[PDB]
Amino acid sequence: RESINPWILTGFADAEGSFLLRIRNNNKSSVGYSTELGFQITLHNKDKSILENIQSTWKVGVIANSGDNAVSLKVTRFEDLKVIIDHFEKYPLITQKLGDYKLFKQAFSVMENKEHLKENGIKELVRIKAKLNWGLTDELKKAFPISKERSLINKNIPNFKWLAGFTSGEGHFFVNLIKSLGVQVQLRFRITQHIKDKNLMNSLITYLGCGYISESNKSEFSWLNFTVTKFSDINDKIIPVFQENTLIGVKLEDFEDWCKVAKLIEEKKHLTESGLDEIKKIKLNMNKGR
C-alpha cells in the first residue's frame, strides 16, 4: 500500500496510542529489575488493517492478537524506538499524551546509555514511571518509597490531517431518528475525550467554526463531548474537512454512509416516506449495526 500520512499517524496516536515502560521484578537481573520500553496501539480485529499500514510505514513493530476480539501493534525493540522518536519529534502529539511521550524520551535516554543495568538507572526509571500513564504499581511503590513535576500540555490543533487521525480514533458519525410523519432525521458528529483535555476540546468550536461542548460523568469519571447538530454546519463545515482529509479504518465506511444520508437531507428527500426508508436502511448497516 501507501505510506500513512505522517500527521494522520500522530492524530491516530493521540487518540489510540500508548507509551509503555515495564519495570519488572527479576531474580536474574544484575539490579533485580528488567525493563521494557515501547509504544503500542490496540484495536478491534476490525481495524487490523490500520496496524498493518502503520507497521509498513514505520518498518517497525510487531502485530499480535490481544484477547479474542482485539489486535495490537507493539514496538519495544530498542533500536526500533529510534523510528518512533524520529516521527514524534517531527510530528508532535497534541493531547496530554505528549507528556507521556516526553517521559518516554527520558527513559529511552537512560536505556541508550545502558544505565538501567545499574542501581541508579532503575531509580531514574522509577522516578519517570511515577509520572507516566497510571504511575507506579503498589508492589513497586512500596519497593521505592520518588520525584515528579509533570507539566500540563496545552497545544492547538496543528492541521486538518491531524484532525482526521484523531477523528478516525475518537470521531463518531450518527444518524439520530427522533420520534414525535413523526420521525425527524438529524445528523450528529461527536468527538469524546476525557476532561483532562478541556482546552483541546474547546478549541474544536473555534477551529471547526461550529459545535458545542458539554460534560457528562458516571460516578467519579467525567468526560466531554464535542457535538455538531446544525445540518448546514455538518454539510458545509464538517463533511468537507474529511472529504479533503480521508479517514482511516472502518469508520471511513461509517462516514461515507453518513454522507449518503447527508445528501438526502440536502435534497429534502428525508421528508418523504421513500427517502426516510432509505435513511432507515442506511442507519441499520452502520456503527454497531455494521
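Quick note: we count residues from 1 along the sequence shown, nothing fancier.
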(Q) Can you count the deposited residues that have no coordinates between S180 and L181 and report it as none, 1 to 3, 4 to 9, or 10 or more? (A) 1 to 3
Q: Pick between 60-68 and 24-32: the one whose mean CA B-factor in the entry is higher.
A: 24-32
(Q) Which is higher on mean Cα B factor in this entry, 13-21 or 270-278? (A) 270-278
**Q.** Out of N176, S168, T137, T95, highest CA B-factor residue
**A.** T137
Q: Compare the CA B factors listed in the entry for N133, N113, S214, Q193 and report the winner.
A: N113
**Q.** Among modelled residues of the same chain, the CA temperature factor third for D100
**A.** lowest
Q. Taking the C-alpha B-factors as the PDB entry records them, is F160 in the lowest, middle or highest third of its chain?
A. middle
Q: Taking the values exactly as deposited, rank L73 by C-alpha B-factor within its chain and report the matching third: lowest, middle or highest.
A: lowest
Q.
Looking at the temperature factor on the CA atom of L81, which third of the chain's modelled residues does it land in?
A. middle
Q. In terms of the chain's CA B-factor thirds, is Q40 lowest, middle or highest?
A. lowest
